[PDB]
Chemist: 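Got a structure for you, questions after.
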There are 2 protein chains.
Amino acid sequence: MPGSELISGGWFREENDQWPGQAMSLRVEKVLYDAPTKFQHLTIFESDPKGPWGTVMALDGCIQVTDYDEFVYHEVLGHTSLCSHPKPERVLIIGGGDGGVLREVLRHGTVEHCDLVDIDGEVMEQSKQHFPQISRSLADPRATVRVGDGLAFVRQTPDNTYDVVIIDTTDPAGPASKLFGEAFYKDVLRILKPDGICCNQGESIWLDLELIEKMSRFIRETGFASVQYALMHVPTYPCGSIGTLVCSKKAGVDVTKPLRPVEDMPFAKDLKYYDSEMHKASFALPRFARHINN
Amino acid sequence: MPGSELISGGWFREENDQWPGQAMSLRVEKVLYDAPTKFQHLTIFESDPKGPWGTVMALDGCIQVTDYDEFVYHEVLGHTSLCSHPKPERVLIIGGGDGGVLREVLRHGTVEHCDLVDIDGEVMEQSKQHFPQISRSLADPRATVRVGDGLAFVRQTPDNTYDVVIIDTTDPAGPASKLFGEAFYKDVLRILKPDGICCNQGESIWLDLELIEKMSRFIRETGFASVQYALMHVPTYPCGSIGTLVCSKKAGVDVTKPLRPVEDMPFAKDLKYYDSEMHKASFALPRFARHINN
Ligand SMILES: C[S@@H](CCCN)C[C@H]1O[C@@H](n2cnc3c(N)ncnc32)[C@H](O)[C@@H]1O
Ligand SMILES: C[S@@H](CCCN)C[C@H]1O[C@@H](n2cnc3c(N)ncnc32)[C@H](O)[C@@H]1O
Ligand SMILES: NCCc1ccccc1F
Ligand SMILES: NCCc1ccccc1F
């Protein structure tokens with residue numbers, strides 16, 4: 001819904017009815033691209049050089065990435081999921097057209113192939129033009145990048161295809177709407193191998209607690225053995241955090257203690273947020289929310 | 001620096017040169033107070049009833065408290081410090097004129113008396129008027145509230161007076177400037193008993209990392225045996241978080257694991273954010289910030 005109008009008087013103001021009454025605002029130095037795509041309104045701007053945020057991307061008015069803080073969400077989804085799997089060789093990313101989660105997934109030496117399926121091919125194009133440090137991964141021969149709806153893709157995929165499925169989507173308003181639903185997760189379960197792990201963009205414990213409760217419950221009811229929400233610090237998502245529901249197909253698995261610590265891997269010291277202490281800490285939730293995890 | 005001009009368009013915008021290029025914005029339903037005090041510009045407003053934030057207070061344009069998320073910082077400062085001490089009987093709060101930390105300190109049965117010294121008497125008056133759930137503590141018989149500069153109060157206080165000193169101040173621009181300084185901390189060390197603990201308003205890992213490291217350095221140099229930063233999730237502070245440096249006078253103290261777990265206390269079930277799991281998780285820092293704690 002929201003579009004070009006959110007830039008006004010030198011500021012981008014993230015006003016949205018998904019978070020009534022509040023708006024994170026970033027100063028605009030230069031707009032780089034602002035257009036409707038086939039699916040979403042896409043805005044990329046350079047923020048004020050006197051601030052640290054760098055380039056910023058928003059879809060349907062909702063901030064998706066900035067240069068300064070993108071490493072948090074991308075490291076958390078990519079490493080919390082793959083470090084919870086015994087030997088993740090085949091990975092699926094639904095959404096993620098900016099390439100960030102793919103960049104982090106492809107740090108793991110176990111990965112043989114990752115499919116990435118985003119509905120909006122302009123997101124991949126503009127990420128290659130304006131976010132080269134996030135998009136470099138897209139060209140890698142381990143990846144097959146497709147433009148398509150994630151629901152339709154999973155309905156064409158065989159049972160037991162993937163070790164890990166990562167659902168990196170926009171908010172429920174817009175083309176991601178059915179990806180927050182039970183029918184979609186039914187198929188995600190089916191396309192995972194017996195030891196499979198999924199994680200998602202699991203929204204906010206401040207704004208979306210009821211949805212998190214609802215989704216955590218229906219994902220267990222579809223047949224995942226366990227679901228645990230990992231909370232992470234991201235300044236430029238609404239209220240300064242986001243979470244991911246980390247789900248295990250197989251019973252007896254505790255995703256909250258890494259199974260294959262990143263520290264035993266050669267790229268651990270290049271990460272800017274994630275490590276095994278952060279992984280365990282991410283599943284400790286405020287008392288008001290701790291019931292999500294038990 | 002800033003004042004009434006941050007309300008415009010029906011919104012309050014937290015523009016500040018302490019965080020250039022960004023601003024949190026809240027919709028204003030009704031201004032409740034807006035004026036210079038003896039020391040600071042104080043603004044209180046009721047936010048959009050369509051949003052969750054409730055009443056909001058700002059000093060010198062910097063959001064201090066909202067009804068919806070105040071319990072996080074108040075619980076973390078009050079309980080992380082007192083649950084790290086073996087028997088905290090005498091406590092000093094510098095700043096904290098809203099009374100939130102004092103509310104939390106006075107849940108502990110060990111506390112005989114808490115002194116609170118805030119430079120701005122108008123903050124206590126307005127917090128009683130407009131934040132009763134936060135200020136419900138100020139007139140307790142276990143508290144003595146005085147209006148004055150915390151710097152002089154700590155200088156005048158005799159050695160070995162307190163078990164815990166909690167420094168709940170505004171940002172360094174303004175009357176709290178010298179409370180981020182080494183001379184103040186020297187007096188804090190002096191007025192603590194030999195097994196004393198202090199903690200403070202420790203600013204942001206995204207905006208202030210250099211300041212945080214400088215403080216941790218000089219607090220150690222003054223003679224505190226250990227200093228560890230605890231991170232917490234507060235949507236309405238800049239970037240969505242803040243921290244506290246929790247410092248022990250005595251050697252041999254690990255404040256990162258609770259000494260007296262709050263679960264053994266009768267009010268644990270009343271808290272909305274803090275518990276032992278959150279206390280331990282708070283000291284896990286993102287890799288980029290990890291050098292604060294080692
Ligand atoms: C930009 S990425 C999130 C930013 C942090 N990496 C979210 C992507 O989800 C895609 N998205 C939204 N709906 C769908 C569907 N139905 N299918 C696939 N991808 C989707 C959308 O086009 C974004 O590029
Ligand atoms: C409002 S409280 C922080 C909000 C979350 N409890 C911060 C207080 O610090 C006081 N403050 C600022 N400088 C000083 C000094 N020098 N001394 C005491 N109190 C001070 C200021 O008046 C606020 O009431
Ligand atoms: N409101 C932002 C929620 C979100 C978080 C992460 C990635 C995409 C995304 F849309
Ligand atoms: N910019 C907000 C920093 C802060 C945090 C907490 C209490 C007071 C305070 F000023």
Side-chain angles (χ1 to χ4, degrees), chain A residues 16 18-19 59 62-65 69-70 72-84 92-96 100-101 104-105 150-151 154 164-186 188-189 192 196-222 224-249 253-256 273-274 278-286 288-294, chain B residues 233 235 240 281:
Chain A
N16 206 286
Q18 295 171 115
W19 37 88
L59 284 174
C62 303
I63 296 168
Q64 303 289 303
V65 292
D69 56 14
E70 56 89 6
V72 178
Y73 174 86
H74 291 149
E75 284 176 18
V76 173
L77 270 62
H79 305 302
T80 310
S81 64
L82 268 77
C83 295
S84 292
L92 173 69
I93 298 169
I94 295 168
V101 169
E104 296 304 326
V105 167
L151 181 52
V154 304
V164 179
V165 176
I166 298 171
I167 300 157
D168 175 15
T169 66
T170 43
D171 287 291
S177 181
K178 297 169 152 21
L179 284 353
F180 286 82
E182 339 186 13
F184 174 61
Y185 279 91
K186 171 153 237 110
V188 169
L189 179 73
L192 283 166
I197 297 292
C198 151
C199 64
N200 74 348
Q201 182 281 98
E203 289 293 1
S204 172
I205 57 175
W206 296 103
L207 298 164
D208 304 299
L209 190 66
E210 309 56 37
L211 167 68
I212 299 170
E213 89 190 21
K214 279 174 214 67
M215 299 184 68
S216 175
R217 172 165 359 270
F218 77 59
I219 292 172
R220 296 175 186 122
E221 305 214 278
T222 202
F224 282 93
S226 69
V227 175
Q228 293 273 304
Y229 178 98
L231 174 65
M232 70 198 90
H233 285 93
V234 186
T236 59
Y237 294 143
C239 296
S241 70
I242 198 71
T244 176
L245 296 176
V246 183
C247 308
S248 170
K249 175 164 189 174
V253 165
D254 177 3
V255 302
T256 73
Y273 184 91
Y274 178 95
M278 281 306 282
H279 178 124
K280 294 176 262 171
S282 67
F283 293 101
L285 306 186
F288 71 85
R290 78 190 187 284
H291 62 281
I292 297 308
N293 285 0
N294 277 19
Chain B
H233 279 97

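Letters A, B, ... mirror the listed sequences (proteins, then strands); counts begin at 1. Because only heavy atoms are used, hydrogens play no part in the values below, and waters and symmetry mates are left out as well, while side chains stay in.
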Chemist: I need the A/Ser282 OG to A/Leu231 CG distance, nearest 0.5 Å.
Modeler: 7.5 Å
Chemist: Please answer whether the main-chain N or O of A/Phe184 pairs with a side-chain N or O of A/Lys178 as donor and acceptor at a distance below 3.5 Å.
Modeler: no
Chemist: Looking at A/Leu245, A/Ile94, A/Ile242, which one forms a side-chain contact (heavy atoms from CB on, under 4.5 Å) with A/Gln201?
Modeler: A/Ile242
Chemist: With rounding to the nearest 0.5 angstrom, report the OH to CD1 distance, A/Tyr185 to A/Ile219.
Modeler: 4.5 Å
Chemist: Counting heavy atoms not belonging to A/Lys214, are there more than 12 under 6.0 Å from its NZ?
Modeler: yes
Chemist: So does A/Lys186 have more than 12 non-hydrogen atoms from other groups sitting under 6.0 Å from NZ?
Modeler: no
Chemist: Could you check whether the rings of A/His233 and B/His233 sit parallel, tilted or perpendicular, using 30° and 60° as the cut-offs?
Modeler: parallel
Chemist: Kindly say whether A/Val65 contributes a backbone atom to a donor-acceptor pair with the side chain of A/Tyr237 at under 3.5 angstrom?
Modeler: no
Chemist: I'd like to know if the side chain of A/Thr244 reaches the main chain of A/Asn200, judged simply by a donor and an acceptor atom lying under 3.5 Å from each other, with no hydrogens or angles considered.
Modeler: yes
Chemist: Looking at A/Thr222 and A/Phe218, would you say the former's side chain and the latter's main chain have a donor-acceptor pair under 3.5 Å?
Modeler: no
Chemist: Is it the case that the side chain of A/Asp69 and the backbone of A/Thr236 share a donor-acceptor pair, with hydrogens and angles ignored and the cut-off at 3.5 Å?
Modeler: yes
Chemist: Checking A/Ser216 side chain against A/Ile212 main chain: does a donor-acceptor pair fall under 3.5 Å?
Modeler: no
Chemist: Which of parallel (below 30°), tilted (30 to 60°) and perpendicular (above 60°) describes A/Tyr274 and A/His279?
Modeler: perpendicular
Chemist: Indicate the atoms forming the closest heavy-atom contact of A/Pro172 with A/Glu203, along with that distance.
Modeler: CD-OE2, 3.5 Å
Chemist: Please round to the nearest 0.5 Å and tell me the distance separating atom NE2 of A/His74 and atom CD1 of A/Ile166.
Modeler: 10.5 Å
Chemist: Less than 4.5 Å apart, side chain to side chain, heavy atoms only: is that true for A/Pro238 and A/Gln18?
Modeler: no
Chemist: For the backbone of A/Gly243 and the side chain of A/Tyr229, can you confirm whether one donor and one acceptor N or O come within less than 3.5 Å of each other?
Modeler: yes
Chemist: Keeping the roles fixed (side chain from A/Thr80, backbone from A/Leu77), state whether a donor-acceptor pair exists under 3.5 Å.
Modeler: no
Chemist: With a 3.5 Å distance limit and no angle check, can you tell me whether A/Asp171 reaches the backbone of A/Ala173 through a side-chain donor-acceptor pair?
Modeler: no
Chemist: Under a 3.5 Å threshold, yes or no: a donor from one side chain and an acceptor from the other, between A/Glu75 and A/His79?
Modeler: no
Chemist: Got a second to check how far A/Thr170's OG1 is from A/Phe180's CZ, nearest 0.5 Å?
Modeler: 6.5 Å
Chemist: What heavy-atom pair brings A/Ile205 and A/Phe288 nearest, and what distance separates the two atoms?
Modeler: O-CE1, 3.4 Å
Chemist: Check the side chains of A/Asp168 and A/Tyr73 for a donor-acceptor pair under 3.5 angstrom, ignoring hydrogens and angles.
Modeler: yes
